[PDB]
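Below are the chains, spelled out letter by letter.
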Amino acid sequence: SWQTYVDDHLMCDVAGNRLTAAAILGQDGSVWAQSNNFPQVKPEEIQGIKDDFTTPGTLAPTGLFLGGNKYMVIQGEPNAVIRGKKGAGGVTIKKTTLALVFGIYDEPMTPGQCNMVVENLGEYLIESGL
């Protein structure tokens, strides 16, 4: 089940902290699994994310919007990881073979903790061909 990846491997404890929300979306924008408080992402938001993976610099001028919430784009990895910041909270998006893995964090979870849980699950999925 895609939902087990979210429940057990994104919404798990990391050094005492936990993501606020998480999801796995197809690269078509459809939700394959999500936590309860994960926002409804708009099609144009998904389009900007997909474009930024293959064309870095797409999202930085406008910011990264997730369910209408604006995140400022910060350091990522081309065609692999998008990272955004909103005060002491933020978001990490990891591109896999078929899907996009999202984690949204709030204080006191650190950006490094969010990156670890999201990117490690994404790398597991890539090894599965997913």
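Refer to the structure printed above.
**Quick word on the side chain of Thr-92**
Take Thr-92: it is sitting in strand 6 (residues 89-95). At 2.7 Å, the side chain of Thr-92 forms a polar contact with the side chain of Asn-115. Apart from the residues within four sequence positions on either side, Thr-92 is in contact with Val-81, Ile-82, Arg-83, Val-101, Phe-102, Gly-103, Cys-114, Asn-115, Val-118 and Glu-119.

**Details of the pairing of strand 5 (residues 81-86)**
Here 4 bridges tie strand 4 (residues 69-77) to strand 5, and the two strands are oriented antiparallel to one another. Opposite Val-73, over in strand 5, you have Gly-84 as the bridge partner. When strand 5 meets strand 6, the two strands line up antiparallel, connected through 6 bridges. Across the sheet, residue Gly-84 finds its bridge partner in strand 6, namely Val-91. Two successive antiparallel strands, strand 5 and strand 6, enclose a turn made up of 2 residues, where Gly-87 displays a positive phi of approximately 65 degrees.

**Focus: the nonpolar core**
If you look at soluble globular proteins, the nonpolar side chains tend to sit buried side by side. Residues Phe-38, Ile-49, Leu-64, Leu-66, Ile-93 and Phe-102 are the most contacted members of the largest nonpolar core, which totals 19 residues. Elements represented by at least two residues in this core include exactly strand 1 (21-26), helix 2 (43-54), strand 3 (64-66), strand 4, strand 6 and strand 7 (99-105). Here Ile-49 is in contact with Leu-59, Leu-64, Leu-66, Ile-82, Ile-93, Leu-100 and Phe-102, once residues within four sequence places are set aside. By size, the runner-up hydrophobic cluster in this structure holds 18 residues, among which are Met-11, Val-101, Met-109 and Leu-121.

**Concerning the sheet that holds strand 7**
A sheet is described by the order of its strands in space; here 7 strands give the open sequence 2-1-7-6-5-4-3, paired in antiparallel fashion. A strand with exactly one partner marks an edge of an open sheet, and here the two such strands are strand 2 (31-34) and strand 3. Neighbour-to-neighbour, the strand axes of this sheet turn through a mean angle of 25 degrees, independent of strand direction. Running at roughly 30 degrees to strand 2, helix 1 (residues 2-9) makes contact with strand 1 and strand 2 of the sheet.

**Section: the environment of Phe-102**
Take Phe-102: it is sitting in strand 7. For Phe-102, a relative accessible area of 0% puts it in the buried group. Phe-102 sits 11 residues away from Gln-113 along the chain, and the two C-alpha atoms are 13 Å apart. Contact partners of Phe-102, with chain neighbours within four places excluded, come to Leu-10, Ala-21, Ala-22, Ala-23, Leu-25, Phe-38, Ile-46, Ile-49, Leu-66, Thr-92, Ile-93 and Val-118.

Criteria and cut-off values
Residues numbered from 1 in each chain as written, not as in the entry; some residues may be left out. Heavy atoms only, no water. Helix = DSSP H or I, 4+ residues; strand = E, 2+ residues; numbered from the N terminus. Polar contact = N/O pair within 3.5 Å; in protein donor to acceptor, adjacent residues only side chain to side chain. Contact = heavy atoms within 4.5 Å. Pairing = 2+ DSSP bridges. Core = buried A, V, L, I, M, F, W, Y, C linked by side-chain atoms within 4.5 Å. Buried < 20%, exposed > 50% of the residue type's maximum accessible area, 1.4 Å probe, protein only. Axes fitted to C-alpha atoms, helices over the stretch in contact; angles between N-to-C directions.

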